[PDB]
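A, B, ... follow the sequence lines: proteins, then strands. Residue 1 opens every chain.
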Amino acid sequence: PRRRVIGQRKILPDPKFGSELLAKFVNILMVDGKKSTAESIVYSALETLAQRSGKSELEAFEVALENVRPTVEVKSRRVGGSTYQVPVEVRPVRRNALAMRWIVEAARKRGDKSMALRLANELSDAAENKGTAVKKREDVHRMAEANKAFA
Amino acid sequence: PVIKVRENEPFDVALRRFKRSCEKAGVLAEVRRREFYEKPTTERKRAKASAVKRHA
Amino acid sequence: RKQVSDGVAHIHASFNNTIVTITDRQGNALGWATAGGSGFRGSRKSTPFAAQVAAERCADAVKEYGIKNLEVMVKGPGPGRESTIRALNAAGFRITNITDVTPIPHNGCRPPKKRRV
Amino acid sequence: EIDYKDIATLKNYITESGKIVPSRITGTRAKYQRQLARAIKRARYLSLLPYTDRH
RNA sequence: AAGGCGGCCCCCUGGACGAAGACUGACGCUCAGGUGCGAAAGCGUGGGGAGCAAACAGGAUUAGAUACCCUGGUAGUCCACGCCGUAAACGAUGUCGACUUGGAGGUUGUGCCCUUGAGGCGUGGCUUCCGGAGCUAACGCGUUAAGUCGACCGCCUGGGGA
């Protein structure tokens with residue numbers, strides 16, 4: 001968008017819980033336009049990640065997101081002929097997007113049997129402040145603290 | 001550019017006053033001017049160009 | 001390590017680095033910290049953030065002396081001229097005076113030649 | 001009639017750091033500006049005026 | 001006069017300008033050859049040497065880097081006395097004189113007026129920018145002419161070789 005100011009498309013709420021967060025999570029987990037295949041995975045993972053804790057589902061999902069949500073990230077910049085990395089503050093919508101994308105890529109990089117099990121384990125790890133999604137968030141925060149001088 | 005922080009003034013206004021005084025004194029411009037040698041022909045040409053562009 | 005309560009913060013704000021030295025009223029140095037010695041090399045060293053954390057670490061090198069009121073003597077054109085002053089005020093210090101003591105020759109020695117970069 | 005001994009008058013044409021103010025700021029004639037510069041330099045020599053704010 | 005000349009003080013010293021007069025009475029202008037002055041670099045002798053910095057050394061960059069950049073660094077830069085006599089030594093515009101609409105400034109004298117004022121109005125010297133006629137191939141110059149003339153001098157005759 002050189003000049004384009006752009007609005008926002010209408011995302012439908014989740015059929016089971018009525019959450020836009022879960023709808024976007026299903027959208028991020030979906031491949032090849034297979035929304036019904038992704039919804040079953042997300043629902044099985046949320047169910048399995050419900051009995052473990054005890055705070056229903058949506059609450060457990062938000063607890064897992066709270067540990068993967070990055071507050072500050074670095075933006076590459078080419079000014080002084082070299083790699084400038086200015087730490088910029090992340091917006092809440094981009095915060096949720098990054099958290100969900102990291103959780104999905106971390107669950108797909110697992111050795112469990114089904115994607116539902118991988119998701120359940122990744123979300124349980126995130127709620128316990130461990131895993132590879134929390135690892136990536138700490139990596140990003142580390143890279144931001146290193147370049148804090150370039151704010 | 002000596003700044004004595006007088007009573008009943010916060011630190012921030014004293015710092016801004018110090019900056020204003022050091023810029024009105026022109027110390028930074030001078031120490032940036034004196035760090036490299038400028039030939040007499042170069043400074044004369046620069047002064048002439050500045051006097052010419054100060055005509056608008 | 002006795003109590004002074006009257007210091008001077010000598011800030012040497014060069015283009016490539018920033019050196020903060022806290023001395024007593026007479027001029028005997030009590031502690032010092034630099035931007036290059038605080039974990040910054042190359043491009044990060046000549047930044048106001050490096051000067052700020054250097055002023056933070058230098059204020060910790062004098063906590064055993066119990067300084068309450070200290071003066072500020074800024075010298076140099078480099079960055080960190082005001083960043084170090086802010087980092088010193090934020091460290092629980094009563095800034096009494098701020099003074100610019102940058103050396104100005106009255107057309108004295110000949111400076112080096114211009115860089116043809 | 002500018003006298004290097006008239007420090008009360010000379011202090012009006014020097015900044016807080018002791019430097020001579022330009023004639024564009026005070027709007028004084030070029031001739032009397034030259035006389036003022038000479039008088040200020042002489043008064044600096046006689047230690048009646050400071051060379052700089054340091055010493 | 002040009003090259004150039006920049007803290008302050010003293011000693012010696014040249015030129016320019018202005019006011020009102022007095023004086024000499026063409027004593028003037030230009031000038032081949034001639035003579036003198038002539039930035040910087042350079043040379044000789046004797047000093048001095050902080051900073052800067054040809055050469056030089058090392059570190060980088062690079063395909064190479066005998067360079068730009070970085071760390072040092074000798075001559076030199078400084079002083080006295082001689083030599084050198086060259087520069088884009090330029091206004092790329094020889095000197096002297098006369099005449100030709102203007103505007104805004106700068107700098108330095110001088111005169112007039114309840115001096116109202118740091119005022120206004122005249123009158124000289126030098127100086128910056130714009131611009132009219134005119135001139136120019138054009139750019140532009142334009143009362144400080146590259147306009148209209150006069151005196152004398154220097155110089156040019158296709159590009160290289162040179």
Taking ring-ring contact (aromatic ring centres under 6.0 Å, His included) as the definition, give me every residue that meets it alongside A:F25, ordered by chain and number, with sequence neighbours left out.
A:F61
Please collect all ring-ring contact (aromatic ring centres under 6.0 Å, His included) contacts where either partner lies in residues 27-56 of chain B, sequence neighbours excluded, each pair once.
none
Any ring-ring contact (aromatic ring centres under 6.0 Å, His included) pairs touching residues 94-136 of chain A, not counting sequence neighbours?
none
Could you pull out all residues at least two apart from A:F150 that satisfy ring-ring contact (aromatic ring centres under 6.0 Å, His included)?
A:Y84
Tell me, which of residues 31-55 of chain D have any heavy atom that sits under 4.0 Å from an atom in RNA chain E?
D:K31, D:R34, D:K41, D:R42
Provide the Watson-Crick or G-U wobble partner of E:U95, both distances under 3.5 Å; none if there is no partner.
E:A151
Under the 4.5 Å side-chain heavy-atom rule for ILVMFWY, direct or indirect, which residues accompany A:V5?
none
Taking atom P in both E:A19 and E:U123, compute the distance separating them and give it to the nearest angstrom.
13 Å
With the threshold set at under 4.0 Å for non-hydrogen atoms, list the residues of residues 9-27 of chain D touching RNA chain E in residue-number order.
none
May I have all residue pairs that pass side-chain hydrogen bond (donor to acceptor under 3.5 Å, both in side chains) and include part of residues 37-54 of chain C, sequence neighbours excluded?
C:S38-C:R57, C:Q52-C:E56
Contacts of B:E30 meeting salt bridge (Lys or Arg N to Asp or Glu O under 4.0 Å) (sequence neighbours excluded), chain-then-number -> B:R33, B:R34
Determine, for nucleotides 116-131 of chain E in 5'-to-3' order, which nucleotides have protein heavy atoms under 4.0 Å from the base (write B), from only the sugar-phosphate (write S), or from neither (write -).
--S-------------
Give me each pair satisfying ring-ring contact (aromatic ring centres under 6.0 Å, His included) with a member in residues 27-68 of chain C, each pair once, sequence neighbours excluded.
C:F40-C:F49
Tell me, for nucleotides 61-72 of chain E in 5' to 3' order, what letter each nucleotide earns: B for a base near a protein heavy atom under 4.0 Å, S for only sugar-phosphate near one, - for neither?
-------SSS--
